[PDB]
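# quick one, fold the following:
(4 chains, ligands or ions: 21)
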Protein chains: 4
Amino acid sequence: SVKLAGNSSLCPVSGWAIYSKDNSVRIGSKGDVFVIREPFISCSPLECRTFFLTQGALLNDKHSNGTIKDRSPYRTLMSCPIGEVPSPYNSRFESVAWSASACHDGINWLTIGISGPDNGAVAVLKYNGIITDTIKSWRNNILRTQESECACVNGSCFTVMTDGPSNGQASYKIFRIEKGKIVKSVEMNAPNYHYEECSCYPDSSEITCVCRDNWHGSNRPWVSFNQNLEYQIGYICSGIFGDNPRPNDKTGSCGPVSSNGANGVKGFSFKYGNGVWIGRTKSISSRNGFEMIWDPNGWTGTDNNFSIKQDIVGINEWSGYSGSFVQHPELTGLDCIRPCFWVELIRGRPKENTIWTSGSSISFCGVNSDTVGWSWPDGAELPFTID
Amino acid sequence: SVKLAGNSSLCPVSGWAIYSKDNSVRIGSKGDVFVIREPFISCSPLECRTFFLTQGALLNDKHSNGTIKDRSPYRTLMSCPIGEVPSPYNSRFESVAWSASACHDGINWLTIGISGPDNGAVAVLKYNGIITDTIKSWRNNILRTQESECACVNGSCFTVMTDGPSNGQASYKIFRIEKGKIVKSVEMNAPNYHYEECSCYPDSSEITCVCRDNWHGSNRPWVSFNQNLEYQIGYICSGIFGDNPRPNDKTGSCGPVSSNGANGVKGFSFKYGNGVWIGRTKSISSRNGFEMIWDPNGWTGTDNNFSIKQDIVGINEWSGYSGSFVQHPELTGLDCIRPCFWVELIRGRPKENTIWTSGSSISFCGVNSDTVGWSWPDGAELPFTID
Amino acid sequence: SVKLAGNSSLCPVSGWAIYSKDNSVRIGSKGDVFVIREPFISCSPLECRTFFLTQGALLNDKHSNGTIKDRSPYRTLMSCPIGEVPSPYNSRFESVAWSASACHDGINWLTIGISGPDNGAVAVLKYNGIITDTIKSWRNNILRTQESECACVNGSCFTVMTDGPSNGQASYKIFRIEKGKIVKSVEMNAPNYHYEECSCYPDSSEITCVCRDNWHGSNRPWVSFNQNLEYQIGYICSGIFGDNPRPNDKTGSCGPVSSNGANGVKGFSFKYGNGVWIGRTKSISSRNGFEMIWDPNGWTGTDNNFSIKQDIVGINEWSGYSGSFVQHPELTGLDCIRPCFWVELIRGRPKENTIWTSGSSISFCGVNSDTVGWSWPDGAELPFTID
Amino acid sequence: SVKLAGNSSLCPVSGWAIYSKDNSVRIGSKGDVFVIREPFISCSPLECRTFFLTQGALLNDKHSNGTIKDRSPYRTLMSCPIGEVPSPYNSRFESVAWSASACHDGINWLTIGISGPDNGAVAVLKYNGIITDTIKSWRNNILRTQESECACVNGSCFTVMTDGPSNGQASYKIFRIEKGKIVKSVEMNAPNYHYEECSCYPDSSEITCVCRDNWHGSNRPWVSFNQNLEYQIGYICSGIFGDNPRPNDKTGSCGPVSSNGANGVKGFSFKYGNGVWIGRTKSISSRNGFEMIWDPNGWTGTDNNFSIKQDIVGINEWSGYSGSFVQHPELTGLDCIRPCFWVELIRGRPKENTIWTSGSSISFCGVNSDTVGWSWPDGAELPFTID
Ligand SMILES: *[C@@H]1O[C@H](CO)[C@@H](O[C@@H]2O[C@H](CO)[C@@H](O[C@@H]3O[C@H](CO)[C@@H](O)[C@H](O)[C@@H]3O)[C@H](O)[C@H]2NC(C)=O)[C@H](O)[C@H]1NC(C)=O
Ligand SMILES: *[C@@H]1O[C@H](CO)[C@@H](O[C@@H]2O[C@H](CO)[C@@H](O[C@@H]3O[C@H](CO)[C@@H](O)[C@H](O)[C@@H]3O)[C@H](O)[C@H]2NC(C)=O)[C@H](O)[C@H]1NC(C)=O
Ligand SMILES: CC(=O)N[C@H]1[C@H]([C@H](O)[C@H](O)CO)OC(C(=O)O)=C[C@@H]1NC(=N)N
Ligand SMILES: CC(=O)N[C@H]1[C@H]([C@H](O)[C@H](O)CO)OC(C(=O)O)=C[C@@H]1NC(=N)N
Ligand SMILES: CC(=O)N[C@H]1[C@H]([C@H](O)[C@H](O)CO)OC(C(=O)O)=C[C@@H]1NC(=N)N
Ligand SMILES: CC(=O)N[C@H]1[C@H]([C@H](O)[C@H](O)CO)OC(C(=O)O)=C[C@@H]1NC(=N)N
Ligand SMILES: *[C@@H]1O[C@H](CO)[C@@H](O)[C@H](O)[C@H]1NC(C)=O
Ligand SMILES: *[C@@H]1O[C@H](CO)[C@@H](O)[C@H](O)[C@H]1NC(C)=O
Ligand SMILES: *[C@@H]1O[C@H](CO)[C@@H](O)[C@H](O)[C@H]1NC(C)=O
Ligand SMILES: *[C@@H]1O[C@H](CO)[C@@H](O)[C@H](O)[C@H]1NC(C)=O
Ligand SMILES: *[C@@H]1O[C@H](CO)[C@@H](O)[C@H](O)[C@H]1NC(C)=O
Ligand SMILES: *[C@@H]1O[C@H](CO)[C@@H](O)[C@H](O)[C@H]1NC(C)=O
Ligand SMILES: [Ca+2]
Ligand SMILES: [Ca+2]
Ligand SMILES: [Ca+2]
Ligand SMILES: [Ca+2]
Ligand SMILES: [Ca+2]
Ligand SMILES: [Ca+2]
Ligand SMILES: [Ca+2]
Ligand SMILES: [Ca+2]
Ligand SMILES: [Ca+2]
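Numbers count the residues shown, from 1 in each chain, chains lettered A, B, ... in the order given. Ligands and ions are numbered 1, 2, ... in the order given. Structure as follows:
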């Protein structure tokens, strides 16, 4: 076992090849499948796993009732091999949590699971399944984290946490974690910024995060930092807005775009110089459809022109959260860090007439060979027998 | 593989971070989950597992009928990874048993499973799944043991067993077991004491057990011994009574507290000098709620003052059995033995209108970083379809 | 990996300690559990497994209909860890078979699975799951084998097969198998003998088999042989008759006891000099109850006196097939071969008003420490929802 | 780990011994079993696995509705150990796909999964679960591949793909793949030929494929090539026609037999000099029955005489697809490549009155010891509760 170097650059990619699809909701109609949301993928040098927050209940059972609710004592972080349905029969228990992150440093798994009351939540850190540290809410207002994989470089793993209002200025901290122990942290000086649910990845020994502004930005905020946590901040400038909801594409801003800026959804983007691969919903007002857009100057440029668009989920189909995950050379045998991404396909409340809310997932990995756009939707027929 | 040293002291702890929650009853509403009770956790140098006594039946099936009953030929000791639901599809078979204990010496698993008739029960000992010894009832009155993990020190594992009345003077024996073979035992000379379901842990090469007096003590009895089985006995002196049922907190006794002393529940406590971490129900009359209390002089002092209280399960929620389990430095990489504990959340009979009785579990580990009190209850909605 | 020596003697035993119980039928009321019969246990140097013949169907499903039937194209030999329920989710596939045997030589598993038509059945031999040999019916009349573990000595494994009438003189062959290849066989010269479903075990480099006479013997025939297949034959002389059905205990015979000699049940016995450990039903006319009897001169003596009787299953409870299995020193660390045995608990047709027939199992291992008699029955409530 | 040599000849075989049967449909009546079709078997140096295309749904659930449909975004390639039912609880995820192939080179698994739209499908290649290459439709008309195992020789694996009409001239390409990377391909110059769903195996360092002519051939086309992709093409000359549908046996042709030549079914054959082992349905008009025929001059001879016929599935029972798979000396310890084959037993639409279509499987391996013909059908009772 050797720790991930994380010192190579991102592999340039021309398109996205489908990597997995679990059909969780379709199968859960009869099978014993967890009610879940906020799934995400993360890989070790040996395997890739799907992490997810259960509602401590199964699909098509009465306990799935009211699962639109975000936080409860019953939610747990669990994981299974990528592409398999999240079942009590194939899932490893990770932590008790209604907000989470996880990543492998090359030696062991780090998991971060947040539970407890809204006014005093505690993040429990585990390394190889052993509790190694905790961090408690510092603003007493829903301590929350990535809902996707943390990022590791040379034995150090990094994550971002938020505490404070979801509709106004909050507090954002970056953490450096070694073998499950917080060895350093810093609060970001980001007046008028809002950071939630960051999708972070390593690139040339540094970390880049693309996050969610739930306050007043329809474009996505970003934060990048080195291992010493010296950071820079900004927003993606492209007029191809990345959040949901958002306005129709137009002239963008390198600051928060106020138009339709309230609320949002977890998302991601990959930076390549001045260019950016943007993953986003197809709808500007709802969580449906998904597409990947290559914008050669979208990181720093404000125009709404782009070069490549690839369909992932049809506009008439439900989508939801999305996030980045990477495959290190230690896993692939490549000389660069390969970008992949996952999409949560949310079914149920509030948009559908069920008693429950749950999601399935799909994932893709970046390649330079031929690819094709299509739609790989959830595919479940609602409502269910339970409703 | 190397045997556990067990020669370091207990890690001082300021609070308890949640470690696991299986949501067994909620999931068993639809999923294939064993009807169980008397669960407990125990760890090896590699993993932690949940042990439990099945009723040889599944939740929401007719064979769960009458499972309030304590003993039968159908009950079996099984185990699964911690935090996972006890299912026939993820559970390892250990032993046929209606009373049990288990622990890992660093090399292999030792399991103790008691089955047979009330008037002649036999404990079957296994080492790495192979029968290595037996011990038969010596008072012909329900031979019974810990219902939690045994304690191991330098290749020797220790447990306590009881035989005799549950409402009067009984007989109590301590055993030293090496590779599944009983190498020494001694009967405790404890007139007017009553010991049942001891929660035992190693500390500085010696064993400390906190147990249940079902006869006439509302405080908990304890027994401590070295590897040669030279022992000391007493009761926790604190006026913060630990058993259930019990009186309201008042002036305690270093002997058995007669007030509300009959009946009881399995519990635990961690000794730190004259101080004690007490886990107990919140109700004085019923098995509901759970809290952790730090009493700096509660081991030897009789007053009812304390310094710290941390909520674990709300008073309006069902609890049940609780027990200690430790994580050795061989597992954690620490220089001390870490204290953890589990709580059984009992649902069904006799307090609820069902045909069945079963439990789920939660567990916590002691830390010196920030923690928070809350309520992590079972969360199941009774009755079930079967009733 | 090293091949089993099999050159030590049987461990003398004073009683039997319960080893496993799967509660298969009770659990199958709701869980996904195979309809099975003819289960048996066999161990490697690492683990013990339960082998069984499925009916290619699950309990409480319409396809369990008519499963009283012995042979069909759907029956398969599968296995799971001992004590676990036989489910499609935890069972390894072994072979297509309606008659079978299996054993581990210390290096790999040997399985023998017989399928095909009654008039031309073929035994398929597999070593490490690879087909290594076949043997076809030589009398064109239901080629059939042990339904329990074969026996291995120094890299050679041995089994017995029968072909011919179930109600008259048939043909019996012994096989020597090395790495899945038949290297030698011999037909037993046994006029007026009848051998079926032998329970064979190694002892001091030679093999002893105790079998079933379905023709005209209420006592059990035996055959013993060395590695060169030089054999001896006879019947257990004890007036404590071992087959079912049988007469009340009286003066026995060293030849086939004709009284109630037709029909029978698979069983076993362990020989110790002139003495014998006899496992048998409690009923003389039906497959219910089970007991272990130590008869110090029962191998060669015809009287009906005995020294020890241990209850296993109550007379008012269903039993069925039973068989021997051993644990070699390579597994136990002992200096002798330990005797164990399993009992099939048959539920359903023909004695019960269901559409199906299936069994669960219990097992015990011989010890010299204290033991106790009891009843560990199937425990299922029939009929089921399907009937 | 060492790569397969693939340089030995096929093991001559006189008959076929049954190897596996999963009883998937029977078990799926109650159990949680995937709706599948197009199953196939492939082995590594360690184990054999069943690959299959799920419909992203379970048997006896509403989402099995309309599963007669060949292609959708929900279909996925998964695998489980041979002989086990394809369940979400025991199946490994491989790829998103409605057409697939897979094989092991001795070091790692190669999987090929085709998904996307009919007019622009993309094959995603994975090596050890990591995406290594893609190939996109070149005729924009349903890119499709083997639906059985690819063939590996000295670290290179080979497959055949088709793109174009199913009822006329199409385009056929052979690929050489090393560690999941396409290193060479060539389009076959085969005017008036039609190739689909090739069953390919290695023999003496070269590859032989027997395929399906869906255009105008009731006999099967073949293509053979060396590692440099230098190929030869033709049709099986035997008057014992191998496709379905087909004419009654008569005088054959070394070119496509036009009579009943339209439509077809995936099949296989093993070449031995001028002779051929032919696997085929028993019915000339429908997918029922299965038999193995040895025709000593059937590869190059046009007569309808043969030497051996072995029954596999009765004519009154449903069959379906069939394919070859081999076991290399690296797995068996033999000095030749052993031929095996599997048969898909299709149940449901369009021939049966259900809402769904699914298959189970059986498999056989070639031996030179005694064998027997019989019928090992699916055995499920339709319709099901869902219909
Ligand atoms: C679990 O066990 C309980 C108690 O045995 C079952 O409830 C009982 O159901 C039986 C059968 O329906 C009832 O027995 C009948 O009693 C009536 C008189 O009320 C008598 O006339 C009949 O001859 C028969 O004996 C019984 O009343 C009833 N007991 C109670 C307390 O309700 C229950 O059905 C079982 N549940 C499952 C899921 O198996
Ligand atoms: C699987 O799919 C089939 C076909 O869609 C389902 O059968 C169909 O069920 C629907 C809903 O009940 C029926 O639609 C209705 O048709 C009537 C006219 O007959 C119309 O007045 C209603 O407005 C409605 O459209 C439809 O008749 C029926 N089709 C057939 C061929 O029976 C079936 O229910 C599905 N099965 C499962 C388990 O989901
Ligand atoms: C901690 C927590 O509750 N986080 C939220 C989250 C949150 O409400 C917003 O980002 C605003 O702050 O949004 C949503 C969402 O679907 O928008 C899911 C989350 N649910 C879970 N993580 N359980
Ligand atoms: C062997 C046995 O039956 N032990 C008991 C136990 C016992 O009744 C008391 O401690 C009094 O002696 O109490 C209880 C109880 O929930 O209070 C559960 C146990 N159930 C099981 N261990 N199966
Ligand atoms: C090959 C086969 O059918 N063997 C039989 C067996 C047999 O009928 C007798 O011993 C008489 O020959 O008896 C019985 C039995 O329950 O008595 C179960 C078996 N069923 C299975 N092995 N499948
Ligand atoms: C890609 C695809 O759809 N291939 C087909 C296939 C095809 O229609 C013919 O060979 C004609 O081209 O036939 C059949 C069939 O059962 O005949 C099943 C396949 N289904 C799946 N592979 N999913
Ligand atoms: C990246 O890290 C690896 C492992 O330490 C090292 O060998 C290599 O020199 C580094 N690459 C660069 C470009 O610095
Ligand atoms: C869901 O919760 C509501 C309480 O708001 C309750 O009324 C309803 O019965 C529940 N539904 C189910 C199916 O349990
Ligand atoms: C505890 O045991 C270890 C291992 O034998 C030994 O090295 C060490 O000295 C002991 N620790 C103390 C504090 O005595
Ligand atoms: C039994 O076999 C073992 C392993 O070969 C050998 O060492 C030993 O000498 C044998 N024991 C006897 C009593 O022959
Ligand atoms: C069982 O088989 C019989 C045929 O003998 C049939 O009549 C009956 O319907 C079947 N029962 C079930 C539940 O399928
Ligand atoms: C086949 O390959 C093996 C491994 O490279 C080689 O040793 C052997 O010579 C080859 N066999 C033949 C018959 O050429
Ligand atoms: Ca079920
Ligand atoms: Ca926003
Ligand atoms: Ca642009
Ligand atoms: Ca008490
Ligand atoms: Ca005090
Ligand atoms: Ca008889
Ligand atoms: Ca006698
Ligand atoms: Ca054709
Ligand atoms: Ca011919």
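
# for residue A:287, which residues are in contact?
Residues near residue A:287 by Cβ atoms under 8 Å, 6 or more residues apart in numbering or on different chains: A:244, A:265, A:281, A:318, A:319, A:320, A:346, A:351. Where you see a C-beta, it was placed from the backbone N, CA and C, and this is true even at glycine.

# tell me how far the fifth one lies from ligand 17.
Think residue A:319. From residue A:319 over to ligand 17 the distance is 57 Å, taken as Cβ to the ion, to the nearest Å.

# how many other residues sit next to that residue?
The number of residues packed near residue A:319 is 30, by other Cβ atoms under 10 Å in any protein chain shown.

# likewise for the fourth one?
Other residues lying near residue A:318 total 27 when counted by other Cβ under 10 Å.

# residue A:232 too?
Neighbours of residue A:232 using other Cβ under 10 Å come to 11.

# same check, this time on residue A:46
11.

# for residue A:286, see how far away the nearest residue to it once chain neighbours are set aside is.
Spatially, and ignoring its direct neighbours in sequence, residue A:46 is nearest to residue A:331 (7.6 Å; Cβ to Cβ, 6 or more residues apart in numbering or on different chains). The gap separating residue A:331 from residue A:286 is 36 Å, by Cβ to Cβ, to the nearest Å.

# which residue does the stretch 51-200 of chain A have closest to ligand 19?
Distances between the stretch 51-200 of chain A and ligand 19 by Cβ to the ion are smallest at residue A:89, namely 51.7 Å.

# now do the contacts for the residue nearest to residue A:75 when sequence neighbours are not counted.
In space, and not counting its chain neighbours, residue A:75 is closest to residue A:98: 4.3 Å by Cβ to Cβ, 6+ apart. Taking Cβ under 8 Å, 6+ apart, we find residue A:98 in contact with A:53, A:70, A:71, A:72, A:75, A:114, A:115.

# which ChimeraX command selects the buried ones in the residues you listed?
Selection of the buried residues among the contacts of residue A:98 in ChimeraX, burial being defined by 16 or more other Cβ atoms under 10 Å in any protein chain shown:
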select /A:53,71,75,114,115
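
# tell me which of the contacts of residue A:98 fall in helices.
Per DSSP state H, helices hold no members of those.

# restrict the contacts of residue A:98 to contacts with ligand 19.
With the criterion set as Cβ under 5 Å from the ion, no member of these is near ligand 19.

# just the strands in the stretch 201-350 of chain A please.
Counting by DSSP state E, counting those that start in this stretch, the stretch 201-350 of chain A has strands at residues A:206-212, A:221-225, A:231-235, A:269-272, A:275-280, A:288-295, A:308-318, A:322-327, A:338-348.

# just put the ones you listed in JSON lines and tack on distance to residue B:37.
Formatted as JSON lines, the strands of the stretch 201-350 of chain A follow (distance: least, Cβ to Cβ, whole Å):
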{"stretch": "strand A:206-212", "distance to residue B:37": "44"}
{"stretch": "strand A:221-225", "distance to residue B:37": "50"}
{"stretch": "strand A:231-235", "distance to residue B:37": "52"}
{"stretch": "strand A:269-272", "distance to residue B:37": "51"}
{"stretch": "strand A:275-280", "distance to residue B:37": "48"}
{"stretch": "strand A:288-295", "distance to residue B:37": "47"}
{"stretch": "strand A:308-318", "distance to residue B:37": "42"}
{"stretch": "strand A:322-327", "distance to residue B:37": "41"}
{"stretch": "strand A:338-348", "distance to residue B:37": "34"}
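
# which among these is found nearest to ligand 14?
strand A:206-212 (6.6 Å).

# report the angle between the axes of the closest one and strand A:231-235?
Counting by axes from the mean of the first three to the mean of the last three Cα atoms, to 10 degrees, strand A:206-212 lies at 30 degrees to strand A:231-235.

# what pairs with strand A:206-212, and is each one parallel or antiparallel?
Strand pairing for strand A:206-212, using DSSP bridges, gives strand A:196-203 (antiparallel), strand A:221-225 (antiparallel).

# hmm, residue A:223 is touching residue A:196, no?
No. With contact defined as Cβ atoms under 8 Å, residue A:223 does not reach residue A:196; the gap is 11.7 Å.

# now do the shared contacts for these two.
Contact criterion Cβ under 8 Å, 6+ apart; residues shared by residue A:223 and residue A:196: residue A:211.

# up against ligand 15, what does the stretch 251-387 of chain A have?
Selection of the stretch 251-387 of chain A residues close to ligand 15 by Cβ under 5 Å from the ion yields A:295, A:297, A:298, A:301, A:303, A:305.

# can you do 8 Å?
A:295, A:296, A:297, A:298, A:301, A:303, A:304, A:305, A:306 (Cβ under 8 Å from the ion).

# mind listing the residues bridging to the first one?
For residue A:295, the beta-bridge partners under DSSP bridges are residue A:276.

# next, count neighbours for it.
For residue A:295, using other Cβ under 10 Å, the count is 27.

# pull the contacting residues for it.
Neighbours of residue A:295 in contact, by Cβ under 8 Å, 6+ apart: A:238, A:240, A:275, A:276, A:277, A:278, A:301, A:305, A:306, A:307.

# circling back: from the contacts of residue A:98, list the ones also adjacent to ligand 17.
Among the contacts of residue A:98, not one lies near ligand 17 by Cβ under 8 Å from the ion.

# now, which of the contacts of residue A:98 lie within strands?
Where the contacts of residue A:98 overlap with strands, as defined by DSSP state E, the overlap consists of A:53, A:114, A:115.

# quick one: which of these is nearest to ligand 17?
Using Cβ to the ion, residue A:115 comes nearest to ligand 17 of the ones in strands among the contacts of residue A:98, at 30.1 Å.

# quick check: that closest one touching residue A:137?
No. The criterion here is Cβ under 8 Å, and residue A:115 misses it with residue A:137 at 11.3 Å.

# tally up the residues packed near the closest residue to ligand 14 within chain A, please.
Here chain A gets closest to ligand 14 at one residue, residue A:264, 3.3 Å apart by Cβ to the ion. Using other Cβ under 10 Å, residue A:264 has 24 other residues around it.

# run through the bridge partners of residue A:364.
residue A:18, residue A:341.

# and residue A:149, by the same measure?
residue A:102.

# and it, what does it touch?
Residues in contact with residue A:149 (Cβ under 8 Å, 6+ apart) are A:40, A:41, A:42, A:51, A:101, A:102, A:103, A:200, A:323, A:324, A:325, A:326.

# burial measure for residue A:55, as a count.
Residues contacting residue A:55 under the criterion other Cβ under 10 Å number 28.

# contacting residues around the residue of the stretch 51-200 of chain A found nearest ligand 8?
Per Cβ to the nearest ligand atom, residue A:65 is where the stretch 51-200 of chain A lies closest to ligand 8, at 3.6 Å. Listed by Cβ under 8 Å, 6+ apart, the contact set of residue A:65 reads A:355, A:356, A:386.

# hmm, residue A:64 and the first one touching each other?
This means residue A:355. Yes. The pair residue A:355 and residue A:64 passes the contact test of Cβ under 8 Å, sitting 6.6 Å apart.
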